[PDB]
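Here the structure is laid out as structure tokens; the discussion comes afterwards.
The sequence lines fix the lettering, A, B, ..., with proteins before strands; numbering per chain opens at 1.
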Amino acid sequence: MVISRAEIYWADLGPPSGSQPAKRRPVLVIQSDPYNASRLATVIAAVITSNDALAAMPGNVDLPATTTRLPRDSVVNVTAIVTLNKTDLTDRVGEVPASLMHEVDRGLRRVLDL
Amino acid sequence: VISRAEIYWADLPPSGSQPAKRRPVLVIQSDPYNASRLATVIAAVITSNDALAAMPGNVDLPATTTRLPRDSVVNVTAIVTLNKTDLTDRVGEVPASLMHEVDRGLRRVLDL
């Protein structure tokens, strides 16, 4: 399938290990489209959580259920970045609007000093 | 204390009878987050300079620079979020000029 930046998918992030990303959850594709369309086997994504507490962390981005069509109000956790096999992405949810992705972009530059 | 541009050896969560993978990783998370109570750090995986290492945006690290045993490459397409406690041996710091190349590679791969 074709994977595009700003898309939300579900992925199994695997067993917990301390605070690292884990478990089955929605993820937001943040890898750029030329890499997504390339032979690169992987895609980079930010973890999404329904934990309303993380919305208060600087850089994180609120995702209203009415926007995403996810079951619950959720948050993009820009401090939680994973690299997944493209084939790991399942149950495509939709694409986050440009205005919200711009906030994600600003958050990623903040957390990565870019 | 973990700082951006530092290289560590890291475990990427063992599985039964055999060890988690171990790779050098380059810290790319910003220092205000590194210094915080945040339990994790974001890093790019370092691999050997190989044909299989080839990808636009990746950055060559000379062994003489990093103090890794051999020439290696920062893979800007391989971004991991690790427990701060899983960074074990500090190897050194990538100089600013080379880190600027890594920044450029990251901005490219993430469309930033």
Side-chain angles (χ1 to χ4, degrees), chain A residues 3 5 20-21 29-46 59 78-86 104-114, chain B residues 1-12 21-34 40-82 84 86-112:
Chain A
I3 300 165
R5 193 176 196 268
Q20 69 192 16
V29 176
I30 57 170
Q31 179 165 280
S32 67
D33 283 338
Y35 291 87
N36 295 335
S38 82
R39 284 64 48 193
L40 181 60
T42 54
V43 57
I44 305 167
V78 292
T79 66
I81 302 184
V82 294
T83 298
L84 301 170
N85 291 318
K86 287 178 174 166
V104 170
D105 294 346
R106 300 198 61 227
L108 294 168
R109 279 194 301 266
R110 186 181 179 162
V111 307
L112 302 176
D113 205 355
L114 299 169
Chain B
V1 175
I2 300 165
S3 305
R4 194 177 194 271
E6 288 185 331
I7 297 177
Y8 289 81
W9 284 96
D11 294 306
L12 296 16
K21 293 170 51 169
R22 193 172 179 76
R23 296 291 179 191
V25 302
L26 177 61
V27 176
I28 58 172
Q29 179 166 282
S30 69
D31 285 338
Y33 290 86
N34 294 334
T40 54
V41 284
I42 303 169
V45 180
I46 290 167
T47 48
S48 48
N49 193 350
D50 291 351
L52 300 164
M55 178 79 49
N58 289 355
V59 177
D60 293 337
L61 301 181
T64 188
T65 296
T66 57
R67 277 172 302 271
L68 287 167
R70 306 173 178 149
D71 290 334
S72 69
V73 174
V74 183
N75 187 359
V76 291
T77 66
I79 299 183
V80 296
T81 302
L82 301 170
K84 285 180 173 167
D86 276 329
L87 300 189
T88 60
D89 311 276
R90 191 190 173 272
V91 171
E93 171 178 60
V94 171
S97 61
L98 273 194
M99 269 312 275
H100 292 157
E101 297 184 23
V102 175
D103 294 346
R104 198 169 62 232
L106 295 167
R107 277 189 295 263
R108 184 182 178 167
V109 305
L110 301 175
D111 200 355
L112 300 170

Kindly say whether B:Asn34 contributes a backbone atom to a donor-acceptor pair with the side chain of B:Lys84 at under 3.5 angstrom? yes
Counting N and O atoms only, with roles assigned by atom type, does the side chain of A:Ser38 sit under 3.5 Å from a partner on the main chain of A:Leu40, one being a donor and the other an acceptor? yes
Quick one: salt bridge (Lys or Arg N to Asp or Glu O under 4.0 Å) pairs with a partner in residues 58-76 of chain B, sequence neighbours left out? none
Treating A:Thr83 as the side-chain partner and B:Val80 as the backbone partner, does any N or O pair qualify as donor plus acceptor under 3.5 Å? no
Enter the distance from A:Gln20:CD to B:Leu82:CG here, rounded to the nearest 0.5 Å. 7.0 Å
Point-to-point distance, once rounded to the nearest 0.5 Å, from CD of B:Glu6 to CD of B:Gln29: 12.5 Å
Got a second to check how far B:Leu61's CG is from B:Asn49's CG, nearest 0.5 Å? 9.0 Å
Please determine whether side-chain contact (heavy atoms from CB on, under 4.5 Å) holds for the pair B:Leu52 and B:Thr47, giving the CA-CA distance in whole Å, both sets of side-chain angles, and the decisive distance to 0.1 Å. CA-CA 9 Å; B:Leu52 300 164; B:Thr47 48; over 6 Å; no
Sub-4.5 Å side-chain heavy-atom contact between B:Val74 and B:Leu98: no
Within the distance-only criterion (no hydrogens, no angle test), does the side chain of A:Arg5 pair as donor or acceptor with the backbone N or O of A:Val29 below 3.5 angstrom? no
What I'd like to find out is whether the side chain of B:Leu106 reaches to under 4.5 Å of the side chain of A:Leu112, using heavy atoms alone. no
What's the verdict on side-chain contact (heavy atoms from CB on, under 4.5 Å) for B:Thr65 and B:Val94, showing C-alpha distance, side-chain angles and the deciding distance? CA-CA 7 Å; B:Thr65 296; B:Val94 171; 5.8 Å; no
Any donor and acceptor pair, going by atom type alone, linking the side chain of B:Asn58 with main-chain N or O of B:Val76 inside 3.5 Å? yes
Report yes or no: does B:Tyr33 contribute a side-chain atom to a donor-acceptor pair with the main-chain N or O of B:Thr40 at less than 3.5 Å? no
The reported gap from CD1 in B:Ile7 to OG in B:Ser72 (rounded to nearest 0.5 angstrom) is 6.0 Å
Tell me whether the count of non-hydrogen atoms from other residues, nucleotides or ligands lying under 6.0 Å of CZ in B:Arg90 goes above 12. yes
Between A:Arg109 and B:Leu112, is there a donor-acceptor pair closer than 3.5 Å when you use the side chain of the first and the backbone of the second? no
